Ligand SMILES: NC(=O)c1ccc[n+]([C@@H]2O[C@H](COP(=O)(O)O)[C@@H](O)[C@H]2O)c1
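Only one chain is included here, represented as structure tokens and corresponding to the form deposited without the ligand.
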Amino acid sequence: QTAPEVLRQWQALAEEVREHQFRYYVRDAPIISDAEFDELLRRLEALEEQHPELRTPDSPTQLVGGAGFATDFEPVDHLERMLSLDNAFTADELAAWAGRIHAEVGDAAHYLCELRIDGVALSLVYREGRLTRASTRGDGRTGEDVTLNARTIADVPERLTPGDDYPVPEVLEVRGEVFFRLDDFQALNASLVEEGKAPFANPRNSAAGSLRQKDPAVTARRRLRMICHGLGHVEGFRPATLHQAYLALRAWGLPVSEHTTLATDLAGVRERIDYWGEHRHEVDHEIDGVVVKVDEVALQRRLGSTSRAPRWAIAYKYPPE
């Protein structure tokens, strides 16, 4: 019946209530019944009556009953630099990129291979198994805040899944690409034209437009998808290598692509690149390349991290036509 418990009760309740507000007005997918949700609000209202100090303009009860859900794209910092990637359009370049690697830091290096989904970058900051910030790439130190928009992608869990093999990290910042599916892209386009709205020229643009909405509910109606493909700052998770990292991601419920393979040498990499050149079309989303990452985390550190690029990864891009 004192300030310590009073503050605690309210904050816990506010967050619980605000989230149910957001899951009902935004999303159109509430996890609790309206019967229940109404009880929670009552409690918060009760405590608010008991203590008027808590009544504020930013409280769900005092000034915002179903409002206060907008995205202003406020600049926000990235915990770790989110760099872009060097590209390779010819085999010589790939070989050349992979000369430095095994000119220096020799052999222990395995090369993880992944598909290159040409979508929109997204950086999610997970704090204590909770999603607190979602941001765009921007310049690679600072991005735009799309917390609310990003909270609606079906593929992004709001909370990490606790697991024994992989304990939930304290601060997990994971990068990814938000994209459509080809079929869904067309459907959305036809929806827009029914509304007398201009359709999008390609899925990336659609990807992007759908994500950057001032009103997050708009973003909820559209079937945006997300893969996780990298990690930034992390506390309480020192994954030995990047392939093992994906194991943890899956354990926590984060989306991971199933076309990633591990290649011991350049020959294995080459095989994948030749393979994906002929089977790129078969995938449900746009794939314009193959990203080859020197996988061992330790080796990544030993290798450079140049201005606006990493030295331990090369993106082989296929010719458009």
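All residue numbers are counted from 1 along the displayed sequence.
Below: the form deposited with the ligand bound, not depicted.
For the marked spot (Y24, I32 and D38), a heavy atom within 4.5 Å of the ligand in the bound PDB entry is present in each of the three residues. When contacts are judged by a 4.5 Å heavy atom cut-off, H20 counts as touching the ligand in the bound PDB entry. Picking from 263-271, 47-55, 248-256, 24-32 the stretch near the ligand in the bound PDB entry, with a 4.5 Å limit on heavy atoms, gives 24-32.
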